[PDB]
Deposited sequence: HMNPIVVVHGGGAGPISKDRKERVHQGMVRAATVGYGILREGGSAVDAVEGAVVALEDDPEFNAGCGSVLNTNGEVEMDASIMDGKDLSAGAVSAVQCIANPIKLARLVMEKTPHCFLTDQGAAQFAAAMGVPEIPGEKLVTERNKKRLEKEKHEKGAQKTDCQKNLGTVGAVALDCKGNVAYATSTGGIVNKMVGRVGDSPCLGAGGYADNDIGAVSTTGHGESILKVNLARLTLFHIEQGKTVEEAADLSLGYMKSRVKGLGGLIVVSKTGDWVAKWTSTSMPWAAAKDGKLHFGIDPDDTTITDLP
């Protein structure tokens, strides 16, 4: 059997201000510690990624669930996806409204339906039938983001989130969740709910979770493109640098990903300014935002 791993990430974009840098650091750690925990105790790769992204979703500091950015109407519209590499089972939702955790509902889609992807009205109807509580719009909206929008009509890092794991039985997974872009049109769907773009998981290769400007990530299929390079004989760092290499040069898009290979090698790389990220393996925690600021602490 294999040593478990969990990698998680925040926004793949601009510099984080001194202010929020302690909260960001804290949130990635809580996120990865939840993930590793499920993995410490024998749990699944999917439960570990569902786990970590749920913590981040609830944390107002991350651009997912509560604290998601506003659309043009000043409304929170969220998307998310999950996938299990064993047989490639997958779940996604776009432009979901009035719920704390889209990733959980994406996981509901994956095991409680014949489908892989529900949107808007129908995804709302499937939430209800499943018993997901409706919370008012204002439980999701923050004064930070309330400002962000009003000042966008007339350098940032929002906090798109994701997670990849490997469990003790050699199974991989990913989850990604986002509140989208600031001032996005109504019903704009980015890369997070789209298999192969927002993320991909395959037992025979590895798992990726991406962040950045969705539109580019979607155009280049960033997640599947990374894994195509791994099959091609490249290392996790090599593949990342190449896949991220194309996105900058072909579509002028920057950002970041995280990867775990089927064999336990892991990396976090970015062409944007910064990506918050944490990694938990072998009783230590790995963390970082700016290039080469990486710290290691032993985990309990």
Which residue ranges of the deposited sequence are not present in the modelled coordinates? 155 to 163
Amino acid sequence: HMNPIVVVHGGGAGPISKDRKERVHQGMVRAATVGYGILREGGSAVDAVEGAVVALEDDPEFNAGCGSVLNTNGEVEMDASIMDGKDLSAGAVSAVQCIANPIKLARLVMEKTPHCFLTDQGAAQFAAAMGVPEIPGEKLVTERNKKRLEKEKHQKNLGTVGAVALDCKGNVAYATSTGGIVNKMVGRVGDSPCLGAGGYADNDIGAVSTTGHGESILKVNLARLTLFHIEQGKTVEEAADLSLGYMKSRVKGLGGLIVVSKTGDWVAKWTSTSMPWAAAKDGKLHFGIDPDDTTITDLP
From here on, numbers count along this sequence of modelled residues.
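The term rigid core refers to the most C-alpha atoms you can superpose between the two forms while keeping them within 1.5 Å.
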284 to 292 against 11 to 19 - segment lying farther from this form in 5 other deposited structures of this protein (CA RMS, rigid core fit): 11 to 19
Please indicate which stretch deviates more in 5 other deposited structures of this protein: 121 to 129 or 145 to 153, judged by C-alpha RMS distance after a core superposition? 145 to 153
Among other entries of this protein with both neighbours modelled, does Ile103 go without coordinates in a third or more of them? no
If you look at the other compared entries where the surrounding residues are built, does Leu158 lack coordinates in a third or more? yes
When the Cα temperature factors in the entry are averaged, is it 135 to 143 or 187 to 195 that ends up higher? 135 to 143
Should the higher mean CA B-factor in the entry be assigned to 15 to 23 or to 285 to 293? 15 to 23
Which has the highest CA B-factor per the PDB entry: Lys219, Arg224, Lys86, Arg148? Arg148
For the listed residues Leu56, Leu70, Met247, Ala48, which one has the largest C-alpha B-factor as given in the deposited model? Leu70
Assert third(CA B-factor, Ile258) within chain per record equals lowest
What third of its chain, lowest, middle or highest, does the C-alpha temperature factor of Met28 fall into? highest
Using the B-factor values recorded in the entry, state whether the Cα atom of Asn101 falls in the lowest, middle or highest third among the modelled residues of its chain. lowest
For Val172, return the chain-relative third of its C-alpha B-factor as stated in the PDB record: lowest, middle or highest. lowest
Once the chain's modelled residues are ordered by C-alpha B factor and cut into thirds, is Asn157 in the lowest, middle or highest one? highest
